[PDB]
Protein chains: 2
Amino acid sequence: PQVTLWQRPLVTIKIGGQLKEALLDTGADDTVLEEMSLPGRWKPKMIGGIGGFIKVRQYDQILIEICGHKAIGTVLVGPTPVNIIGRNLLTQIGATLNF
Amino acid sequence: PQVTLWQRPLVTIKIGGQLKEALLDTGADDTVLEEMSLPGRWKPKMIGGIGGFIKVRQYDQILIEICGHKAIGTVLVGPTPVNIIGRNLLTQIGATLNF
Ligand SMILES: O=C1N(Cc2ccc(CO)cc2)[C@H](Cc2ccccc2)[C@H](O)[C@@H](O)[C@@H](Cc2ccccc2)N1Cc1ccc(CO)cc1
């Protein structure tokens, strides 16, 4: 769909059986989700944002369905205030930015 | 321009006589720029991100030129590590997200 930016560009995702809303975020290189139940192995990573750094657990090869579209990739889970879909998955879904 | 997201979507901007590069960011409601010299005065605000909060100065009715396109809006100037163009100006240059 084409999304104007008058309102935050929020999408529904299903990950790990659960349904969330997430922000489409061209400024994030990676995806980061608030804290959740994901099975399996992960690694601690820390990421920096505005405001400072958080510690995050990195899960690889996670399937996400985002709007109708299905991607697989790394998701970082951690204390974010918002769920962010960043460019590692945006390029799989084929999102583009236009002006 | 149509911009795919395999690299960070950066553009050149001109603000207050100075040239800078900034990130086009759909996750960000507002524009926040690294510390620089701007005329006029300003109001102090606090914004929160990952990591937490920062203290910034709001300037309003600032002219920015972002690729060939001029826009006026509020700009937050503060200790961000990256210059960010958020939705308040992305709206004025007519940016859309498409997938
Ligand atoms: O911290 C933010 N990161 C940090 C970030 C870093 C890494 C990842 C995973 O790779 C995800 C997010 C981005 C901007 C940025 C990039 C790199 C370094 C520093 C900053 C993001 O792209 C922006 O959308 C919001 C995301 C956000 C939005 C709401 C609440 C929390 C987080 N922010 C914060 C932000 C908030 C308000 C404004 C002004 O309105 C601008 C930025």
Side-chain angles (χ1 to χ4, degrees), chain A residues 3 5-11 13 15 20-35 42-60 62 64 66 71 73-92 95 97, chain B residues 3 5-11 13 20-35 42-60 62 64 71 73-92 95 97:
Chain A
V3 178
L5 289 164
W6 293 92
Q7 44 202 336
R8 305 198 195 243
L10 267 25
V11 73
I13 61 178
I15 344 97
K20 269 72 158 161
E21 290 192 68
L23 222 199
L24 305 171
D25 193 328
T26 59
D29 304 321
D30 282 308
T31 297
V32 36
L33 305 171
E34 173 72 273
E35 189 68 74
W42 52 257
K43 300 161 171 163
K45 191 191 195 306
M46 302 101 134
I47 75 162
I50 242 158
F53 281 66
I54 62 166
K55 286 110 191 173
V56 106
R57 311 172 304 193
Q58 185 178 341
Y59 290 84
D60 292 19
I62 314 293
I64 184 156
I66 303 162
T74 298
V75 320
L76 274 23
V77 175
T80 174
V82 291
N83 290 311
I84 298 164
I85 294 154
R87 319 187 312 267
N88 75 318
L89 255 16
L90 302 169
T91 52
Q92 286 192 52
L97 180 65
Chain B
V3 195
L5 291 169
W6 295 97
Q7 249 299 340
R8 316 170 82 138
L10 291 173
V11 278
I13 60 165
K20 280 162 187 310
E21 292 208 78
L23 226 207
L24 269 6
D25 188 338
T26 59
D29 306 319
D30 290 323
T31 298
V32 36
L33 260 29
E34 287 191 286
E35 291 132 310
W42 56 252
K43 288 300 216 105
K45 281 284 182 297
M46 196 126 33
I47 48 169
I50 274 191
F53 41 90
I54 67 182
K55 230 168 64 58
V56 286
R57 298 155 292 292
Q58 187 168 345
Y59 289 90
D60 297 3
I62 290 294
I64 307 99
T74 36
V75 155
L76 303 168
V77 172
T80 180
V82 297
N83 299 308
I84 291 164
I85 315 301
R87 293 188 300 113
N88 78 311
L89 300 169
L90 267 6
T91 268
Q92 264 187 62
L97 259 168

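Side chains are part of it too, since the values below use all heavy atoms of this structure and drop only hydrogens, waters and symmetry mates. Residue numbers begin at 1 in each chain, while the letters A, B, ... track the order of the sequences. When a ligand or atom number is given, it counts from 1 through the structure's own listing order.
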Checklist entry - Any sub-3.5 Å donor-acceptor pair from B:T31's side-chain atoms to B:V75's backbone N or O? => result no
Next on the checklist: Strictly distance-based, threshold 3.5 Å: is any side-chain N or O of B:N83 a donor or acceptor partner for the main-chain N or O of B:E21?
Outcome noted: yes
Item to check | Partner of A:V32 under side-chain contact (heavy atoms from CB on, under 4.5 Å), chosen from A:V77, A:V82, A:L76 | outcome: A:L76
Checklist entry - Touching ligand 1 at all, A:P81? Heavy atoms, strictly under 4.0 Å? => result yes
Item to check | Donor-acceptor contact present, side-chain A:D25 to main-chain A:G86, <3.5 Å | outcome: no
Checklist outcome for this item: So for A:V82 against ligand 1, with non-hydrogen atoms under 4.0 Å, the contacting part is side chain
Next on the checklist: If the cut-off is 4.0 Å to any non-hydrogen atom of B:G48, which atoms of ligand 1 fall inside it?
Outcome noted: 36 (C)
Checklist entry - What protein heavy atom sits nearest atom 16 (C) of ligand 1, and how far off is it? => result A:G27 O, 4.0 Å
Checklist entry - Would you find a donor on one side and an acceptor on the other, under 3.5 Å apart, between the side chain of B:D30 and the backbone of B:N88? => result no
Checklist entry - ligand 1 versus A:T80, non-hydrogen atoms closer than 4.0 Å: side chain, backbone, both, neither? => result neither
Checklist entry - About how many Å separate CD1 of A:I64 and CD1 of A:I13, when rounded to the nearest 0.5 Å? => result 4.0 Å
Checklist entry - Under 3.5 Å, N or O to N or O, is B:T31 touching ligand 1 that way? => result no
Checklist entry - Under 6.0 Å from the NZ atom of A:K20, do we count more than 12 heavy atoms belonging to anything else shown? => result yes
Checklist entry - Can you list the residues that meet the side chain to side chain contact (heavy atoms under 4.5 Å, CB included) rule with A:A95, with sequence neighbours excluded? => result A:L90, A:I93, B:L5, B:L97, B:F99
Checklist outcome for this item: Closest to atom 34 (C) of ligand 1 among protein heavy atoms sits B:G49 CA, 3.6 Å
Next on the checklist: For A:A22 versus A:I85, what's the shortest heavy-atom pair and its separation?
Outcome noted: CB-CD1, 3.5 Å
Checklist outcome for this item: Check: of B:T26, B:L24, B:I85, A:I84, min heavy-atom distance to atom 12 (C) of ligand 1 comes from A:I84
Checklist entry - Quick one: which ligand 1 atoms are inside 4.0 Å of a heavy atom on A:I47? => result 7 (C), 8 (C), 9 (C)
Item to check | For A:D25, the ligand 1 atoms whose distance to one of its heavy atoms is below 4.0 Å | outcome: 21 (C), 22 (O), 23 (C), 24 (O), 26 (C)
Checklist outcome for this item: Here the atoms of ligand 1 under 4.0 Å from any heavy atom belonging to A:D29 are 10 (O)
Item to check | Part of B:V32 with heavy atoms under 4.0 Å of ligand 1, whether side chain, backbone, both or neither | outcome: side chain
Next on the checklist: With respect to A:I50, determine whether any N or O atom, backbone or side chain, lies less than 3.5 Å from an N or O atom of ligand 1.
Outcome noted: yes
Item to check | Test item: protein heavy atom less than 4.0 Å from atom 1 (O) of ligand 1 | outcome: yes
Checklist entry - Taking all non-hydrogen atoms of both residues, which atom of A:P9 and which atom of B:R87 are closest, and how far apart? => result CD-CD, 4.1 Å
Checklist entry - Considering only heavy atoms of B:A28, which atoms of ligand 1 have at least one such atom less than 4.0 Å away? => result 24 (O), 40 (O), 41 (C)
Next on the checklist: Does A:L10 form a side-chain contact (heavy atoms from CB on, under 4.5 Å) with A:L23? I'd like the steps, not just the answer.
Outcome noted: CA-CA 5 Å; A:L10 267 25; A:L23 222 199; 4.1 Å; yes
Item to check | Closest protein heavy atom to atom 40 (O) of ligand 1, given as residue, atom name and distance to 0.1 Å | outcome: B:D30 N, 2.9 Å
Item to check | Close N or O approach (B:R8, ligand 1; < 3.5 Å) | outcome: no
